[PDB]
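Same chain, two forms, each on its own as structure tokens: structure 1, then structure 2.
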Structure 1
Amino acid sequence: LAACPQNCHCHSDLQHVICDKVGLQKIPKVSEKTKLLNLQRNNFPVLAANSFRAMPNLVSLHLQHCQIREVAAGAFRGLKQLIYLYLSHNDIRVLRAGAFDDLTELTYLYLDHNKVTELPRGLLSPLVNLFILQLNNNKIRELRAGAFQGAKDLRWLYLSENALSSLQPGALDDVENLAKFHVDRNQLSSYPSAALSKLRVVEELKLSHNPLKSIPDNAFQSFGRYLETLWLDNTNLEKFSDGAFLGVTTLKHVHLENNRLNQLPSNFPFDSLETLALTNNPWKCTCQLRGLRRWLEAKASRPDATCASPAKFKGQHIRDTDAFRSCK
């Protein structure tokens, strides 16, 4: 009785149902053996409760570009086997708790390029298996305590190009296994110490394009034994505090380009450092920069930049200049 829907293209004996831009106004009825349902580029302004009934074997659901504005509570009830959910490129503003009920198995959730403004408590509570939460290009302004409550195994959190200006203490307490954290291109006017101080296994921290101005003491200590990649490019960075890199023991990749740095802290970790972007900084070629000098001459392929001061060595390259001869 159940066959491929009208104007749709089915594959793998009705296991894959593709309805790409076919003028749908309602969720079509599909066979119970459906495992992949692509409803991209249709029109579903409101996803009501039980919008996907009788799809117990569905593992991948694609709903991008569907002009979706609201996801009602229990919109995805029954999808106990769903692994992928794409809600990217819609007009979602309202996203309340219950919207993600029954999504016990969901591992990848894409909500990027929407109009979400907040992440209320309990919204992600059912998502105990979520690994990637892609929320880039929204309008979230603030993360508060319990914003990620229930997200037990969240590893990658994408929040690039939002309007974040505040991370409350306790905001990330629920995401202990967090490895990737992208909050570049936001409104962070200071390093969110309190929020990050609770995480221990962060490996990549992307903070580019935030007016951070400076990095405080113990900025990375909590997760200092796991931090491998750090982006601080275009953060209007004037300097690092003396204790900023306390407990950092395996940092491999750093991006500092496009800032106002003249110096580096004495405890700057060069021991595990592999790549370091440092162009477009008014570097001061004095004694305190010898550590960077010693690192650059340890492997020739490592790019460098030019000193803005002192006057004698203005414009010379860090690796070529004679500004470090009078210190040993």
Structure 2
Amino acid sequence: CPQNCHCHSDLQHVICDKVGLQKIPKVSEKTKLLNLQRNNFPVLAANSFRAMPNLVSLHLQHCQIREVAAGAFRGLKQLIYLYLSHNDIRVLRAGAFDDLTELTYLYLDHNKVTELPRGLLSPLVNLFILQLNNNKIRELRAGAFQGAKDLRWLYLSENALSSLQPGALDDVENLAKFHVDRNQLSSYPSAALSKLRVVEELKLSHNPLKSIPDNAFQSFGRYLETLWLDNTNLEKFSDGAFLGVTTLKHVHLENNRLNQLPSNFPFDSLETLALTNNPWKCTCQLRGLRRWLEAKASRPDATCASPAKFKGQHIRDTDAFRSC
């Protein structure tokens, strides 16, 4: 057990949490968990973890890491978790994650990554979660996810994405969750998202999308269960926007400029619907929404904005749908 660090006998855990380390310590070959959080490792040179074959979890958060050389993790074939959150990584070089065959969860959030280059994830064949929230990624170029066949949860919230290349998501067609909220997408990325086939959660909050085009959800219409479009400056849903959507259960439309919903809005499977803070127009087009709201026990405070006669009245209680 290294100095300044503490070790649990039975568990083969090494704890070096904020113990002032400047170098990667030497540890037993059977070490299964190595916690090096809150230290100082500005550079992770190649073979930084040489004699650690049995390592299953490696925690390197808050280590002020600025450089990750190619092959830094070269010896860690049995590694399952890798936490690199809250460092100063600006570039992820190809080869950085070499020999991480069994890696399943990779956390790179709260760094300064600006790009995902081709082949970075090539050897990460078992990667299930890729956590990249709170970086500065501006564009996902083609090949960014080549090799990551097992990837299912992809988090890219709070970056600077202004567009998604049509080929950005070709290699991860089997994503289950895709979060790209709080970016700068100025329109619904039809080309990129049309490659996803089995998305269950799509999170697009806080992107000035303005509108949703036709066939937006076709490619994953029978898998999509949760949809976030809150604070997207949403003015309109295309009449064919929801073509092919059959199992949508939770939808967030709060804080937009929506006056109407399309005739084919899928209320059949809908379970929850956040829709407050919209200038709802209480006329006949909204009859679909009324019937659904009357059916549900939660009482949202979604009032009418127009026409003038019903302004202020709740959509659920108002008598504006008597003629329709």
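Rigid core here is just the name for the largest C-alpha set that superposes within 1.5 Å across the two forms. Shifts are known only where both forms have a C-alpha. For numbering, take structure 1's sequence and count from 1.
**Student:** Of 284, 293, 302, 35, only one moves its C-alpha by 2 angstroms or more between structure 1 and structure 2 once the rigid core is aligned, so tell me which.
**Tutor:** After core superposition, the single residue displaced by 2 Å or more is 302.
**Student:** Quick check on residue 12: with the core superposed, does its CA move 2 angstroms or more between structure 1 and structure 2?
**Tutor:** Shift at residue 12: 2 Å or more after core fit.
**Student:** Check the Cα of residue 176 between structure 1 and structure 2 on a core superposition and give its shift in Å.
**Tutor:** On core superposition, this C-alpha lies 2.2 Å from its counterpart.
**Student:** Rigid-core fit: what Cα movement does residue 198 have between structure 1 and structure 2, in Å to one decimal?
**Tutor:** Its C-alpha shift, to one decimal, is 1.1 Å.
**Student:** Superposed on the rigid core, which segments of at least three residues move by 2 angstroms or more at the Cα between structure 1 and structure 2?
**Tutor:** Shifted runs of three or more residues, which all move 2 Å or more: 12-14, 299-304.
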